[PDB]
Amino acid sequence: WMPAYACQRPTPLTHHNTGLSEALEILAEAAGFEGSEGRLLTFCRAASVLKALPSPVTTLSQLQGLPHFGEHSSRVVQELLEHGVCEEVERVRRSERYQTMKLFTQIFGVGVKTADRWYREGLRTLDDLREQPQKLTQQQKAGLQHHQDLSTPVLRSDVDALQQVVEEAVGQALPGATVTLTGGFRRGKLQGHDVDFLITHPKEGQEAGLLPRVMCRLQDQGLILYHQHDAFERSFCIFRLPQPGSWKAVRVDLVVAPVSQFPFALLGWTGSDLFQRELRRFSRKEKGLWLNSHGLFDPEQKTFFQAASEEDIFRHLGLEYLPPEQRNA
DNA sequence: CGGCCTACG
DNA sequence: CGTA
DNA sequence: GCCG
Ligand SMILES: Nc1nc2c([nH]c(=O)n2[C@H]2C[C@H](O)[C@@H](COP(=O)(O)OP(=O)(O)OP(=O)(O)O)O2)c(=O)[nH]1
Ligand SMILES: [Mg+2]
Ligand SMILES: [Mg+2]
Ligand code: NA
């Protein structure tokens with residue numbers, strides 16, 4: 001009994017079907033590059049089902065009945081099991097379009113629509129973009145400037161150092177405010193593309209205006225290479241992280257939430273991306289409730305659920321609780 | 001057939 | 001659009 | 001692409 005929504009089953013970080021899931025994820029990414037979010041989602045959901053299975057799939061038979069496996073995903077698996085390669089996957093992954101779209105969308109500040117326009121204009125390399133700086137937003141200029149460092153995996157030692165400097169700035173900005181590591185590192189990942197932190201204060205309302213004060217204190221300590229900055233509560237930053245004898249750029253996301261919303265923000269920002277999309281879809285389509293990073297809303301009674309923990313949210317949705325390390329959908 | 005997560009910057 |  |  002494989003449940004159909006990813007939020008209904010545990011997905012560990014280490015799983016048993018990486019060859020098959022990787023192939024489906026290439027097809028998902030290619031679907032996104034061609035503007036089909038629906039096909040992207042199906043291929044991601046199928047890949048995720050494989051990550052939740054207890055053992056390796058060795059025979060096509062083992063897919064029977066699994067949700068999100070239809071004719072196309074099944075054929076991909078069948079070719080991989082019988083030949084060790086899937087022609088369609090190889091054609092996609094070796095194509096100029098796929099490789100260029102992947103290169104460009106991996107830049108901070110560049111998504112599919114921007115990458116597709118550049119591709120249609122004949123651009124193919126990072127050097128091509130550097131030569132045409134007037135095509136770039138300031139966010140994209142920062143992403144390109146720091147691209148090599150941003151392609152280096154962030155490690156747990158980096159997380160620990162960043163948490164210390166963020167806690168220092170937060171404490172200087174508002175006594176009693178707290179910093180919680182979220183994102184993939186909270187799910188047990190050993191590396192990441194960035195570090196995500198959620199900031200609050202135990203007294204509702206005290207955190208208003210906090211994030212500009214934090215950003216100013218980090219900027220004055222020379223720690224900020226790029227940020228968007230009158231009020232704001234999320235910052236998608238690039239930090240200058242000291243290293244032995246030098247420094248490296250690291251993407252850091254900072255989000256401030258009132259404490260009433262903390263469990264919802266913690267749940268949302270802990271991910272994974274697919275886990276949260278599936279949880280929000282489940283909430284609305286199966287329970288008639290609207291979930292976001294601020295709350296859980298009953299649109300008929302026009303009321304918000306008062307959760308004290310992530311556990312409370314799962315319970316109000318009729319779901320078995322999953323700890324962060326089982327949300328790796 | 002239409003849906004496919006979410007809200008902030 | 002970007003965060004993604 | 002798959003599903004409700
Ligand atoms: N990347 C991404 N995150 C999303 C989306 N929707 C959504 O609610 N989120 C939430 C869940 C993610 O765990 C959380 C933090 O995002 P992230 O991009 O830093 O990803 P991550 O920490 O899980 O993984 P990573 O940084 O190692 O790559 O944001 C979405 O479409 N993409
Ligand atoms: Mg992250
Ligand atoms: Mg992030
Ligand atoms: Na990008």
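Letters A, B, ... are given to chains in the order of the sequence lines, protein chains preceding strands, and every chain is numbered from 1. Atoms within each ligand, like the ligands themselves, are counted from 1 in listed order.
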> Hey, does the side chain of A:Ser283 reach the backbone of A:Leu279 with a donor-acceptor pair shorter than 3.5 angstrom?
Replying inline: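 Side chain of A:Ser283 to backbone of A:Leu279: no pair is present.
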
>> Distance alone, cut at 3.5 Å: any donor-acceptor contact between the side chains of A:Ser157 and A:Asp160?
In response: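 Absent: no donor and acceptor within the cut-off.
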
> What are the two closest non-hydrogen atoms of A:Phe239 and A:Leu162, and how far apart are they?
Replying inline: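 Distance-wise, the nearest heavy atoms are CD2-CD2, 3.5 Å.
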
>> Show the nearest heavy-atom pair for residues A:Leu80 and A:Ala23, with the distance to one decimal.
In response: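 Closest approach of A:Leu80 to A:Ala23: CD1-CB, 3.5 Å.
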
> Would the number of heavy atoms belonging to other residues, nucleotides or ligands and lying under 6.0 Å from CZ of A:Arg124 be above 12?
Replying inline: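 Yes, the 6.0 Å shell around CZ holds more than 12 heavy atoms from other groups.
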
I'd like to know: is the Na ion (ligand 4) within the 3.0 Å range of an N/O/S atom from [X], strictly under that distance?
X	result
A:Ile107	yes
A:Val110	yes
A:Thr105	yes

> Using 30° and 60° as the class limits, which term best fits the ring planes of A:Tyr321 and A:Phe314: parallel, tilted or perpendicular?
Replying inline: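 Taking A:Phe314 first and then A:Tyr321, their aromatic rings stand perpendicular (interplane angle over 60°).
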
> By residue and atom, what protein N/O/S atoms are less than 2.8 Å from the Mg ion (ligand 3)?
Replying inline: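 Within the sphere that stays under 2.8 Å of the Mg ion (ligand 3), the protein atoms of type N, O or S are A:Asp194 OD2, A:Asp196 OD1, A:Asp253 OD2.
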
>> Ring of A:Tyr119, cation from A:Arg97 - is the NZ or CZ under 6.0 Å from the centre and inside 45° of the axis?
In response: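 Here A:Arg97 passes the 6.0 Å and 45° test against A:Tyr119.
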
